[PDB]
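Peer 1: Just passing along the structure, written as structure tokens.
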Amino acid sequence: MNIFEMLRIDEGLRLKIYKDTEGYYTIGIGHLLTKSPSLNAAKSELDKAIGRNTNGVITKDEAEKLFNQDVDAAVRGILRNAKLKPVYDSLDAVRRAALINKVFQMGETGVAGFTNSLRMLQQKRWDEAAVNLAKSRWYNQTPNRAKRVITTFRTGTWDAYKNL
């Protein structure tokens with residue numbers, strides 16, 4: 001199991017524009033296109049991203065290309081953030097995957113707001129941090145995914161995903 005397979009389990013793969021859990025226009029492997037309510041705004045962002053007239057639909061390959069970019073951007077994002085970097089450096093390889101998952105889903109900024117949870121992870125207070133992370137809109141909105149990520153942080157193993 002690695003961050004790519006982990007994320008592919010959590011986000012799915014869709015070759016046609018679709019609306020995410022929040023109602024936003026997405027395609028491929030959880031690639032947010034726009035928060036705009038316009039499907040036209042969405043197809044435009046899509047064509048810009050792919051470099052061709054897509055007409056709302058992409059190939060597997062194009063989806064994977066977007067995915068490669070996004071994982072890379074999430075990692076670099078962590079490494080550039082002064083709140084995230086240190087947490088990341090303090091974690092083992094499994095937990096790192098967990099932070100990348102979070103950041104991929106909810107942007108740098110978002111995650112950076114889990115101040116208290118970040119501190120607990122940093123201090124290796126696994127159980128406490130699992131409990132704190134659950135007190136969030138994130139957890140309430142997408143409980144099955146949040147639970148999987150949470151488990152990953154609590155145990156430092158890929159158990160939650162071995163299942164899936």
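Heads up, header says this was done by X-ray crystallography, 1.9 Å.
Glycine residues also receive a Cβ, built from the backbone N, Cα and C atoms like all the rest.
Sharing the feature lines straight out of Swiss-Prot:
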ACT_SITE  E11  active site, proton donor/acceptor
ACT_SITE  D20  active site, proton donor/acceptor
BINDING   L32, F104, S117, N132  substrate binding site
Peer 1: Quick check: in three-state DSSP terms, what is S117 (substrate binding site)?
Peer 2: helix
Peer 1: Can you name the residues of this chain that are 6 or more positions from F104 (substrate binding site) yet have a C-beta less than 8 Å from its C-beta?
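Peer 2: In sequence order, the residues whose Cβ lies under 8 Å from that of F104 (substrate binding site) (at least 6 apart) are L7, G30, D70, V71, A74.
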Peer 1: Among the active-site residues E11, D20, which residue has its Cβ surrounded by the fewest other Cβ atoms within 10 Å?
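Peer 2: If we count Cβ atoms within 10 Å for the active-site residues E11, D20, the smallest count is at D20.
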Peer 1: Helix, strand or coil at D20 (active site, proton donor/acceptor), per DSSP?
Peer 2: coil
Peer 1: Where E11 (active site, proton donor/acceptor) and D20 (active site, proton donor/acceptor) are concerned, what is their Cα separation in Å, rounded?
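Peer 2: Spelling it out, the Cα of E11 (active site, proton donor/acceptor) and the Cα of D20 (active site, proton donor/acceptor) are 9 Å apart.
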Peer 1: Looking at Cβ-Cβ distances, which residues of the chain lie under 8 angstroms from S117 (substrate binding site) while being 6 or more apart from it?
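Peer 2: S117 (substrate binding site) has long-range Cβ partners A129, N132, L133.
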Peer 1: Given a separation of at least six residues and a C-beta threshold under 8 Å, show me what packs close to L32 (substrate binding site) in the same chain.
Peer 2: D20, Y24, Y25, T26
